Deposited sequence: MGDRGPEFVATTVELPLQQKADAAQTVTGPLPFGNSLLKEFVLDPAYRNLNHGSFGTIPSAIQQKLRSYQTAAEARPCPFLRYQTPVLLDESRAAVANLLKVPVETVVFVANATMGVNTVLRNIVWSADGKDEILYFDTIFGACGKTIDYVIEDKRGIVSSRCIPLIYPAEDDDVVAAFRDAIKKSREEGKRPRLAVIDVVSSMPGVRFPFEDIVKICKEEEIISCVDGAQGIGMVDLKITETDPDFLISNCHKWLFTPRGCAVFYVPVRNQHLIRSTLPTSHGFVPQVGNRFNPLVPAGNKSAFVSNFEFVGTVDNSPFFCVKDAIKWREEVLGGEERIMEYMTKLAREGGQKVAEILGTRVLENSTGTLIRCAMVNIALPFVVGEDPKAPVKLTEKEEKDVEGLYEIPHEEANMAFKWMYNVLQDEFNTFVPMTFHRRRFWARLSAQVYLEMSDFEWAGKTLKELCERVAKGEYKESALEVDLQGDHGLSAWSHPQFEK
């Protein structure tokens, strides 16, 4: 039968027993059964290179394409594997041909992943101004209605400047901070307004239900290596059949390109020589998660609940609060943010008008001068690795540090309590000016 969750499940993984993994959402990790699968695929590749790599690669790709589309509840003709989420997002933006009038505009939110945000910048530079972009600022904790309204005002405002809102990139779950984004509402608005919905669901498969069919996005990308126990360097790229014709070239351009099984699926089979073993392990990771663990829903059910209750314990230990809106829809994933018990001094260049609640929440804590914010930020990162042998990413949002913790099926309440007590003393030492 299935195995119980918690620290006993560390038996199945290959983490350092001295190292606490509180940040699975960044790079992921794989259990011992999947690494051996990974290395098994390599031995076959090095045993007879041309026979295996030329003819067994498409068979092993389609076995994982079938398993992942199955689990996503979508046709197999619509899923394909790319290197990673940054690669997939780049594949969408680099392939779109923009209107000849030059009125097209890319809409995005300021919680966009750094790599994604800078891809929009370069594409605008590369196409030399035939497409532009407008940034939608977000204040967190964000109410879902405020996010969708800020998107509607961006659509309305863009048209008042003579611009055409052409494409919108929507997170499933944002990176920093790790919050569930109301992507269903934003994608639906994109359809009504005829906007290409480029759903960046890197924090997606294996953690939250993507609801691909009912949402019907134009493009979706998601990192299997982030929450599906898939070896590093694997993202599932979803393109409906109606849109596969605009993905004209892969990244990079390879043999499958035709100058002007489907041709769309075949073009991604060989895109330059790479170790494709992480792709082949998708079918095993899915089968391992269903047989060894209780299944996909049981995995997500535990991680989300542990993120709530575990995050609330870190907040009690710190005397602060988790990051959540009035409807409790931000912590609908496996990650949770907790505010740290201090505050940064005001930036005279870009001062943030603090909200009355955010100011009473500052309640006379220790204040780090803004000139020392980056210095203390580096210190907390190094100390968490060198002294506590863990790693906690922190979002600097409105002169506060929001530490993001990632729950997993091999963690339990004791880990988040250790995380709370660790962060507690770490901030006590930040309060004493130890970062200098």
According to the record, which stretches of the deposited sequence lack C-alpha coordinates?
1-28, 289-301, 478-501
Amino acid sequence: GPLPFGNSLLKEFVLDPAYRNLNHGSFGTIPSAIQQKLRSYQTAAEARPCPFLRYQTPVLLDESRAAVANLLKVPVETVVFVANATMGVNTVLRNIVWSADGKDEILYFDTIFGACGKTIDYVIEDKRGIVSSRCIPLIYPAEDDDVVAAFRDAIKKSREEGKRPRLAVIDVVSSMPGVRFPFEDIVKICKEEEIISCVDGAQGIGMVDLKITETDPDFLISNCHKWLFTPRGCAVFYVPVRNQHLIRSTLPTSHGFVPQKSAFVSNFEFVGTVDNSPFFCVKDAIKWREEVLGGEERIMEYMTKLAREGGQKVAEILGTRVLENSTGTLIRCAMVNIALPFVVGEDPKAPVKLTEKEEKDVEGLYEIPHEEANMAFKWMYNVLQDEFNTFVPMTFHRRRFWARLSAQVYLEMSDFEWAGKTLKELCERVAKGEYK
From here on, numbers count along this sequence of modelled residues.
Using the B-factors recorded in the PDB entry, average over the C-alpha atoms of 273-281 and of 350-358, then report which stretch comes out higher.
350-358
Averaging CA B factors per stretch from the PDB record, which one is higher: 371-379 or 25-33?
371-379
The largest CA temperature factor among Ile106, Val82, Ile196, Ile212 is found at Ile212
Could you tell me which one of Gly233, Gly88, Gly294, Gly204 shows the highest CA temperature factor in the PDB record?
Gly294
Split the chain's modelled residues into thirds by Cα B-factor; is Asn223 in the lowest, middle or highest one?
lowest
Would you mind checking where the Cα B-factor of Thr395 ranks among the modelled residues of its chain, as the lowest, middle or highest third?
lowest
For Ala307, does the deposited CA B-factor place it in the lowest, middle or highest third of the chain?
middle
Quick tally, chain-level thirds of C-alpha B-factors: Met300 sits in the highest
Split the chain's modelled residues into thirds by Cα B-factor; is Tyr140 in the lowest, middle or highest one?
lowest
